[PDB]
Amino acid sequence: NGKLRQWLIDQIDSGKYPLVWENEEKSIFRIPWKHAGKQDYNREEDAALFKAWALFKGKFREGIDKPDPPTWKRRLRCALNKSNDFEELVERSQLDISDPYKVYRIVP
């Protein structure tokens, strides 16, 4: 249980996702949030985390199921919203720039 917390911390610390820490206390971080309708949407890099969380919890299986980034994007938002681990800073969410992003926070 509670695999979402440690998984996301490991994803941010990995740096493999070009989602970064916004402070050095490792308590507030960035996260990309590009809309899948924009002409700047690469289905691979933009939906990389959303696919990974579906691959992690055994929801999407390669070469077996039809890909669907919308469902992958919806599952991660509901997980972050429902989990008592991450509180989103909606007033700091800069969701209207060249590369939109949200801001979250982790508590004890």
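The first residue of the shown sequence is 1; numbering continues from there.
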Open item on the list: Quick check on the record: how many residues from the deposited sequence are absent from the model between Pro18 and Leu19 (none, 1 to 3, 4 to 9, 10 or more)?
Closed with: 1 to 3
Open item on the list: If you average the CA temperature factors as listed in the entry, which stretch comes out higher, 80-88 or 93-101?
Closed with: 93-101
TODO: Averaging the C-alpha B factors as listed in the entry, name the stretch that ends up higher: 71-79 or 29-37.
DONE: 29-37
Task: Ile64 - which third its CA temperature factor falls in, relative to the rest of the chain - done: highest
